[PDB]
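Let me begin by presenting the structure, written as structure tokens, before commenting on it.
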Amino acid sequence: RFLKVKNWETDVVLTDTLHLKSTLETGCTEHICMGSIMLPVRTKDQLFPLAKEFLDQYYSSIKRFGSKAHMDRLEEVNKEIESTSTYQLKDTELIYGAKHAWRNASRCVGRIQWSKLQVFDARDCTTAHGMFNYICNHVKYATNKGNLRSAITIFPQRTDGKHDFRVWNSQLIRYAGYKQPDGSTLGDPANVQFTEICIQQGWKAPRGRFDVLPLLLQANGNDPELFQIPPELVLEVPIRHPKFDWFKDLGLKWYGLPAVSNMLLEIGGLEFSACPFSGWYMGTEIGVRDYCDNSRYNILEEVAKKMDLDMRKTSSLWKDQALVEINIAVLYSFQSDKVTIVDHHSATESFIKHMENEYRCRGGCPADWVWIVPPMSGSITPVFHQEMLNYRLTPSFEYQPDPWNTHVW
Amino acid sequence: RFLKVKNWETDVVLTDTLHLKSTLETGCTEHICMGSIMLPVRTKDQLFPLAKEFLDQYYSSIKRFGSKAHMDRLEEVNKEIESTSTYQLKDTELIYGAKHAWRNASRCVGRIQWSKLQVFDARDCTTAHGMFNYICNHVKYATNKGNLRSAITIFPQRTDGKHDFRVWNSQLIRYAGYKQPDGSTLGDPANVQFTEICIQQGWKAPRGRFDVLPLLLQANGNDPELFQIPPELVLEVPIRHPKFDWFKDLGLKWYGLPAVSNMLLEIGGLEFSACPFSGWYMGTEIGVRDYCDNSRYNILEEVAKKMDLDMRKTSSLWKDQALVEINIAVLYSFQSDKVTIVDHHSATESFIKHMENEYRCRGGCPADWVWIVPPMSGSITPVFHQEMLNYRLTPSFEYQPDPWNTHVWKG
Ligand code: HEM
Ligand code: HEM
Ligand SMILES: Cc1cc(N)nc(C[C@H]2CNC[C@H]2NCCNCc2ccc(Cl)cc2)c1
Ligand SMILES: Cc1cc(N)nc(C[C@H]2CNC[C@H]2NCCNCc2ccc(Cl)cc2)c1
Ligand SMILES: C[C@H](O)[C@H](O)[C@H]1CNc2nc(N)[nH]c(=O)c2N1
Ligand SMILES: C[C@H](O)[C@H](O)[C@H]1CNc2nc(N)[nH]c(=O)c2N1
Ligand SMILES: [Zn+2]
């Protein structure tokens with residue numbers, strides 16, 4: 001009932017009760033833990049309980065739980081749902097809802113920033129060009145000439161499921177992937193397929209190693225349209241090492257804006273299938289995963305050569321040595337060009353502080369250890385020694401099927 | 001039911017049916033995952049079914065399920081239970097049992113070696129001195145002058161719970177930790193409390209930075225007794241770096257034999273409270289955890305200074321740079337002194353093949369991702385990208401409470 005989590009490096013013990021308010025399933029059972037598995041229309045009967053849950057916590061958050069205002073709103077939404085088989089959120093509810101889905105994202109280490117989120121209400125949007133306009137404005141606002149600011153743009157909610165707004169890209173800004181004859185892959189292997197769905201739709205791929213993909217926007221359920229983000233709005237960073245000059249010769253660069261566009265935001269039962277959100281990078285996401293994952297730019301071997309490491313034996317830890325350098329470069333480059341970025345040491349220390357605040361202000365903090373611990377130097381970061389409880393709270397961000405696997409053209 | 005796990009690096013998908021034989025609980029529910037939580041006498045009634053399940057597993061393994069030998073063994077065991085409230089395992093069953101507890105240890109990345117285990121049967125042991133003799137023999141055999149061999153020694157099982165055999169040390173070999181009045185710690189902070197118990201019991205502490213702790217052995221539920229492991233039997237490796245000549249000057253060394261001695265071995269319902277087992281180290285256990293944990297030796301700063309790294313800001317990744325060098329030094333040394341050791345790349349790569357083979361020949365391989373993934377360079381090892389299922393099968397190795405917290409002293 002009242003679970004406890006301990007930090008084994010500092011012996012601090014926190015008590016969690018927030019989990020009791022949890023409603024969604026985890027995938028785990030008393031017989032099997034699925035903790036490491038990546039991926040473990042509504043009715044009026046289904047919707048009202050959800051809306052009620054949401055409103056009560058919202059009114060509770062503003063110290064007006066069980067007030068005429070509260071009571072009144074419940075009734076208004078109640079009448080609206082029975083009548084309209086759905087409802088619309090008050091601006092304040094939308095903002096509160098979005099901030100909280102972030103607050104509840106158990107896989108996000110950057111949640112100490114949860115309450116500082118710019119919300120762009122794009123619910124009056126109606127077309128792909130309109131979506132394009134809102135997205136450019138979001139990108140420009142968030143980039144802020146390198147001094148990044150968190151934001152989310154929220155398009156119209158789901159209705160009959162046949163009029164869904166969707167951004168086909170996984171992130172607003174990513175590089176294209178091309179499968180050459182050499183069997184090899186040009187650019188980012190992760191995007192090969194999407195890259196082709198663009199071509200298949202018209203895009204004139206420049207076939208480069210770092211080609212900024214075009215946005216593929218879908219509005220009201222119609223077919224998706226392509227748009228090239230003003231190059232001037234996409235801040236990029238040339239990757240150079242602060243000691244190895246030959247580094248710049250690797251020809252590496254990465255974009256400054258991390259911005260997830262394929263998730264679904266759920267607030268009080270309502271579904272928002274197009275809600276791109278952005279913050280700023282933690283160094284390892286690029287240096288460790290984008291650059292060194294074997295299924296991504298997989299650059300270790302090459303960086304290894306350039307360093308003249310004894311790649312003969314794994315026990316010389318050449319892969320590890322090179323990993324560190326590649327990551328030192330990233331932070332170095334972003335910092336030099338003055339684009340906001342955080343290292344895994346600072347981000348994890350921040351998250352620990354956030355957990356403590358959350359435990360003593362909200363009764364806990366859902367967190368997914370498997371995702372929170374950085375992909376390098378795990379145990380020298382504090383989160384490694386921190387026990388965490390993972391459970392699902394709403395409002396939330398959820399994954400959803402790629403549109404190209406559901407679109408009735 | 002069937003469950004699938006996918007490797008996001010290779011797209012290889014596996015199907016698990018073995019989890020269907022999972023009995024114990026995990027700590028998780030449909031509402032909460034306790035996957036990162038460190039730690040989430042029997043009745044004839046409950047014992048009967050446990051022996052049966054075990055015996056069925058054992059006879060199936062030797063291709064004699066349902067045989068007369070199998071049926072006689074079941075009758076013999078059940079008769080013994082109703083008769084004495086317990087039962088004794090045949091040598092063969094003990095060996096099979098021990099090998100399987102290792103095979104089922106979901107937090108162990110070295111399981112590819114499971115079927116290769118020397119089992120020493122010490123169930124005829126009656127005293128602390130007897131325990132000491134058995135342990136010295138295990139240490140010498142397992143050490144094998146640096147060519148490490150996996151081994152386990154099994155002392156008498158629990159009876160009424162008032163006569164337990166227990167090895168008070170958490171590991172047969174570990175360094176003493178001492179709390180100074182100024183608040184600093186000399187030696188290994190992890191063993192301060194145990195080191196105090198040793199001193200209280202009569203140990204004469206040399207008070208150094210790497211003093212091998214004495215063994216504190218409890219036989220038949222009696223008060224524990226102290227014993228010093230013959231020095232010539234304790235293999236140690238001085239740590240030095242292949243290119244950094246000042247590394248040897250840090251004065252670091254570590255023992256070669258990792259041997260857990262505080263866990264409980266459960267086989268067919270029987271409980272073996274004293275069952276020390278040892279293998280060989282994976283580099284990071286020493287280089288990352290014992291050396292760099294803030295609560296252990298914590299040598300990152302001193303090493304970073306020497307390398308003259310920019311320690312003014314964490315974004316220089318000075319901690320990460322020093323960590324790599326320290327781990328290179330550990331591997332280099334061990335390999336130079338010809339003491340068995342495996343690096344985390346090699347070990348995780350082997351575990352993945354072991355895991356795949358297990359899914360194919362056994363229908364599964366319970367594994368705890370939180371523990372399998374190395375404490376450094378996580379994503380550049382194949383296990384990071386491997387989905388895993390964690391569940392509990394018996395036989396098994398379990399945690400038990402520290403003895404100094406439950407023991408009834410006699411005097
Ligand atoms: C301000 C800087 C931020 C930092 C440094 C940060 C950092 C991170 C990191 C390291 C991850 C893991 C990414 C991965 O492994 O794919 C992550 C995941 C995530 N973040 Fe944050 N984050 C930030 C802002 C945001 C914002 C503004 C939101 C949304 C409003 C958010 C929502 C999420 C979600 C839902 C996930 C998990 C998504 C998934 O499962 O793929 N984050 N974040
Ligand atoms: C052959 C060399 C072996 C290697 C390289 C290996 C490696 C490891 C490592 C890296 C861990 C995690 C240690 C930690 O973080 O505390 C571990 C845990 C474990 N290993 Fe192995 N192991 C080996 C042999 C064995 C043997 C022979 C047994 C038993 C017969 C065994 C039983 C276990 C158990 C029970 C755990 C988890 C203990 C706990 O939860 O504290 N291992 N092993
Ligand atoms: C707002 C924000 C801020 C920061 N710093 N980081 C992010 C994360 C985002 C940039 N780096 C990795 C991307 N996430 C990929 C999720 N893959 C899960 C996944 C989902 C589905 C499949 Cl099939 C595979 C994998 C978002
Ligand atoms: C047979 C074998 C072979 C290898 N390679 N490694 C080991 C593991 C052993 C040497 N390095 C760390 C030690 N394990 C301590 C685990 N403590 C967890 C823990 C358990 C309980 C609490 Cl309260 C805290 C922490 C055993
Ligand atoms: C199989 C395993 O769950 C998978 O590789 C996870 C591990 N932890 C992760 N953690 C983060 N932050 N991001 C990821 O993509 C992953 N991948
Ligand atoms: C809180 C968290 O579960 C704890 O720090 C775990 C994480 N993973 C680990 N993994 C291994 N191999 N050994 C450990 O001691 C730990 N500690
Ligand atoms: Zn779980």
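By order of appearance in the structure tokens: chains A, B, ..., then residues from 1 within every chain, and ligands from 1 in the order shown.
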
Would you mind listing, as a ChimeraX atom specification, all residues of chain A that have at least one atom within 7 Å of chain B, where only C-alpha atoms are what counts? /A:9,22,24-37,293,295,314-317,320-321,324,328,331,343,345,369-370,375-380,387-391

**Message:** If you run DSSP on the backbone here, which positions in segment 208-372 of chain A get helix (DSSP H, G or I)? Please write them as a ChimeraX atom specification.
**Reply:** /A:231-233,245-250,283-292,300-307,314-316,318-336,344-362,369-372

**Prompt:** So which residues of segment 85-333 of chain B fall under strand (DSSP E or B) by DSSP, listed as a ChimeraX atom specification?
**Reply:** /B:118-121,151-154,166-167,171,175,177-179,185-187,212,215-218,225-227,236-238,253-255,259-260,264-267,270-272,277-278,281-282

Close residues, residue 403 of chain B itself excluded, 10 Å, only C-alpha atoms, min 2 positions apart in chain, as a compact mmCIF listing (two decimals) with N, CA and C atoms, in the first residue's frame:
```
# COMPACT_ATOMS: atom_id res chain seq x y z
N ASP B 164 21.20 -23.53 12.15
CA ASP B 164 21.76 -23.18 10.85
C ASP B 164 23.29 -23.08 10.74
N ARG B 166 26.02 -21.02 8.80
CA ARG B 166 26.05 -19.74 8.12
C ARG B 166 27.49 -19.30 8.00
N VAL B 167 27.81 -18.65 6.89
CA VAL B 167 29.14 -18.06 6.72
C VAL B 167 28.77 -16.58 6.92
N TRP B 168 29.31 -15.93 7.95
CA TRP B 168 28.95 -14.55 8.22
C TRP B 168 29.49 -13.56 7.20
N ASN B 169 30.64 -13.85 6.62
CA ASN B 169 31.17 -12.99 5.57
C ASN B 169 30.20 -12.99 4.38
N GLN B 218 29.79 -20.03 11.42
CA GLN B 218 28.80 -20.53 12.35
C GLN B 218 28.37 -21.93 11.95
N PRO B 224 29.43 -17.99 16.10
CA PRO B 224 30.49 -18.10 15.10
C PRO B 224 31.89 -17.99 15.68
N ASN B 262 26.92 -15.41 1.39
CA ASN B 262 25.79 -15.07 2.24
C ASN B 262 24.43 -15.44 1.67
N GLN B 400 19.16 -13.79 2.18
CA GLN B 400 18.69 -14.16 3.50
C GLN B 400 19.16 -13.04 4.43
N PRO B 401 18.52 -12.90 5.58
CA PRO B 401 18.97 -11.82 6.46
C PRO B 401 20.37 -12.01 7.03
N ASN B 405 21.92 -10.11 12.69
CA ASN B 405 20.64 -9.50 13.02
C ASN B 405 19.62 -10.50 13.53
N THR B 406 19.89 -11.79 13.38
CA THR B 406 18.92 -12.79 13.82
C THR B 406 19.47 -13.81 14.82
N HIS B 407 20.79 -13.93 14.89
CA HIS B 407 21.41 -14.90 15.78
C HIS B 407 21.21 -14.77 17.28
N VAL B 408 20.88 -15.89 17.91
CA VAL B 408 20.71 -15.94 19.36
C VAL B 408 22.10 -16.28 19.94
```

Note to self: Taking only C-alpha atoms and all ligand atoms into account, list the residues no farther than 6 Å from ligand 4, as number ranges by chain.
What the structure shows: B: 258-260, 277-282, 285

Each residue of chain A lying at most 10 Å from ligand 3 should get a row with its shortest atom-to-atom pair and the distance in Å to one decimal, counting only C-alpha atoms and all ligand atoms; could you produce that, ordered by chain and increasing number, as JSON lines?
```
{"residue": "A:38", "atom": "CA", "partner": "ligand 3", "partner_atom_place_in_ligand_line": "25 (C)", "distance": 7.0}
{"residue": "A:39", "atom": "CA", "partner": "ligand 3", "partner_atom_place_in_ligand_line": "21 (C)", "distance": 7.1}
{"residue": "A:102", "atom": "CA", "partner": "ligand 3", "partner_atom_place_in_ligand_line": "1 (C)", "distance": 9.2}
{"residue": "A:107", "atom": "CA", "partner": "ligand 3", "partner_atom_place_in_ligand_line": "8 (C)", "distance": 9.6}
{"residue": "A:108", "atom": "CA", "partner": "ligand 3", "partner_atom_place_in_ligand_line": "6 (N)", "distance": 8.0}
{"residue": "A:109", "atom": "CA", "partner": "ligand 3", "partner_atom_place_in_ligand_line": "5 (N)", "distance": 8.6}
{"residue": "A:110", "atom": "CA", "partner": "ligand 3", "partner_atom_place_in_ligand_line": "5 (N)", "distance": 7.3}
{"residue": "A:111", "atom": "CA", "partner": "ligand 3", "partner_atom_place_in_ligand_line": "3 (C)", "distance": 9.9}
{"residue": "A:150", "atom": "CA", "partner": "ligand 3", "partner_atom_place_in_ligand_line": "1 (C)", "distance": 7.7}
{"residue": "A:151", "atom": "CA", "partner": "ligand 3", "partner_atom_place_in_ligand_line": "1 (C)", "distance": 8.4}
{"residue": "A:152", "atom": "CA", "partner": "ligand 3", "partner_atom_place_in_ligand_line": "1 (C)", "distance": 8.8}
{"residue": "A:170", "atom": "CA", "partner": "ligand 3", "partner_atom_place_in_ligand_line": "15 (C)", "distance": 7.9}
{"residue": "A:171", "atom": "CA", "partner": "ligand 3", "partner_atom_place_in_ligand_line": "9 (C)", "distance": 7.1}
{"residue": "A:173", "atom": "CA", "partner": "ligand 3", "partner_atom_place_in_ligand_line": "10 (C)", "distance": 9.6}
{"residue": "A:174", "atom": "CA", "partner": "ligand 3", "partner_atom_place_in_ligand_line": "10 (C)", "distance": 9.5}
{"residue": "A:190", "atom": "CA", "partner": "ligand 3", "partner_atom_place_in_ligand_line": "24 (C)", "distance": 9.3}
{"residue": "A:256", "atom": "CA", "partner": "ligand 3", "partner_atom_place_in_ligand_line": "5 (N)", "distance": 9.8}
{"residue": "A:257", "atom": "CA", "partner": "ligand 3", "partner_atom_place_in_ligand_line": "3 (C)", "distance": 8.0}
{"residue": "A:258", "atom": "CA", "partner": "ligand 3", "partner_atom_place_in_ligand_line": "10 (C)", "distance": 4.9}
{"residue": "A:259", "atom": "CA", "partner": "ligand 3", "partner_atom_place_in_ligand_line": "1 (C)", "distance": 5.0}
{"residue": "A:260", "atom": "CA", "partner": "ligand 3", "partner_atom_place_in_ligand_line": "26 (C)", "distance": 5.4}
{"residue": "A:261", "atom": "CA", "partner": "ligand 3", "partner_atom_place_in_ligand_line": "1 (C)", "distance": 9.0}
{"residue": "A:262", "atom": "CA", "partner": "ligand 3", "partner_atom_place_in_ligand_line": "20 (C)", "distance": 9.0}
{"residue": "A:263", "atom": "CA", "partner": "ligand 3", "partner_atom_place_in_ligand_line": "20 (C)", "distance": 9.1}
{"residue": "A:276", "atom": "CA", "partner": "ligand 3", "partner_atom_place_in_ligand_line": "1 (C)", "distance": 8.5}
{"residue": "A:277", "atom": "CA", "partner": "ligand 3", "partner_atom_place_in_ligand_line": "1 (C)", "distance": 5.5}
{"residue": "A:278", "atom": "CA", "partner": "ligand 3", "partner_atom_place_in_ligand_line": "1 (C)", "distance": 3.9}
{"residue": "A:279", "atom": "CA", "partner": "ligand 3", "partner_atom_place_in_ligand_line": "3 (C)", "distance": 4.5}
{"residue": "A:280", "atom": "CA", "partner": "ligand 3", "partner_atom_place_in_ligand_line": "5 (N)", "distance": 4.8}
{"residue": "A:281", "atom": "CA", "partner": "ligand 3", "partner_atom_place_in_ligand_line": "5 (N)", "distance": 3.7}
{"residue": "A:282", "atom": "CA", "partner": "ligand 3", "partner_atom_place_in_ligand_line": "5 (N)", "distance": 5.3}
{"residue": "A:283", "atom": "CA", "partner": "ligand 3", "partner_atom_place_in_ligand_line": "5 (N)", "distance": 8.5}
{"residue": "A:284", "atom": "CA", "partner": "ligand 3", "partner_atom_place_in_ligand_line": "11 (N)", "distance": 9.1}
{"residue": "A:285", "atom": "CA", "partner": "ligand 3", "partner_atom_place_in_ligand_line": "11 (N)", "distance": 5.3}
{"residue": "A:286", "atom": "CA", "partner": "ligand 3", "partner_atom_place_in_ligand_line": "11 (N)", "distance": 7.1}
{"residue": "A:289", "atom": "CA", "partner": "ligand 3", "partner_atom_place_in_ligand_line": "12 (C)", "distance": 8.0}
{"residue": "A:290", "atom": "CA", "partner": "ligand 3", "partner_atom_place_in_ligand_line": "11 (N)", "distance": 7.8}
{"residue": "A:341", "atom": "CA", "partner": "ligand 3", "partner_atom_place_in_ligand_line": "5 (N)", "distance": 8.5}
{"residue": "A:342", "atom": "CA", "partner": "ligand 3", "partner_atom_place_in_ligand_line": "5 (N)", "distance": 8.7}
{"residue": "A:371", "atom": "CA", "partner": "ligand 3", "partner_atom_place_in_ligand_line": "18 (C)", "distance": 9.8}
{"residue": "A:398", "atom": "CA", "partner": "ligand 3", "partner_atom_place_in_ligand_line": "20 (C)", "distance": 9.7}
{"residue": "A:399", "atom": "CA", "partner": "ligand 3", "partner_atom_place_in_ligand_line": "20 (C)", "distance": 6.9}
{"residue": "A:400", "atom": "CA", "partner": "ligand 3", "partner_atom_place_in_ligand_line": "21 (C)", "distance": 8.6}
{"residue": "A:401", "atom": "CA", "partner": "ligand 3", "partner_atom_place_in_ligand_line": "23 (Cl)", "distance": 8.9}
{"residue": "A:402", "atom": "CA", "partner": "ligand 3", "partner_atom_place_in_ligand_line": "23 (Cl)", "distance": 8.8}
```

Just the residues within 9 Å of residue 173 of chain B, please, counting only C-alpha atoms, with nothing from its chain fewer than 6 positions along; format it as a PDB file with C-alpha atoms, in the first residue's frame.
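After the write, result_29.pdb holds the following:
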```
ATOM      1  CA  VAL B 212      41.881  -9.583   4.035  1.00  0.00           C
ATOM      2  CA  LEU B 213      39.078 -10.119   6.531  1.00  0.00           C
ATOM      3  CA  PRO B 214      39.049 -13.268   8.629  1.00  0.00           C
ATOM      4  CA  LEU B 215      36.346 -15.855   8.095  1.00  0.00           C
ATOM      5  CA  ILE B 229      42.523 -17.819   5.540  1.00  0.00           C
ATOM      6  CA  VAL B 234      44.642 -15.708  -1.260  1.00  0.00           C
ATOM      7  CA  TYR B 255      41.686 -10.338  -4.863  1.00  0.00           C
ATOM      8  CA  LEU B 257      38.432 -14.867  -6.425  1.00  0.00           C
ATOM      9  CA  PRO B 258      34.854 -13.529  -6.352  1.00  0.00           C
ATOM     10  CA  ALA B 259      32.995 -15.839  -3.938  1.00  0.00           C
ATOM     11  CA  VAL B 260      29.490 -15.059  -2.621  1.00  0.00           C
TER      12      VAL B 260
END
```

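Of the listed residues (B:51, B:402, B:40, B:238), B:40 comes nearest to ligand 7; the distances count only C-alpha atoms and all ligand atoms.
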
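Summary of the local environment: counting only C-alpha atoms, residues at most 7 Å from residue 99 of chain A, other than itself and those fewer than 2 positions away along its chain, are residues 95, 96, 97, 101, 102, 103, 114, 115 and 117 of chain A.
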
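By only C-alpha atoms, and with residues fewer than 3 positions from residue 41 of chain B along its chain excluded, the set lying at most 8 Å from it is residues 158, 159, 160 and 161 of chain B.
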
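Counting only C-alpha atoms, segment 346-358 of chain A has the following residues at most 9 Å away, ignoring those fewer than 6 positions along the same chain: residues 14, 109, 110, 111, 112, 113, 282, 364, 365, 366, 367, 372, 373, 374, 381, 382, 383 and 386 of chain A; 314 and 315 of chain B.
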
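Interatomic distance, atom CA of residue 230 of chain B against atom 34 (C, counted along the ligand's line) of ligand 2: 25.9 Å.
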
A straight line from atom CA of residue 121 of chain B to atom CA of residue 155 of chain B spans 7.0 Å
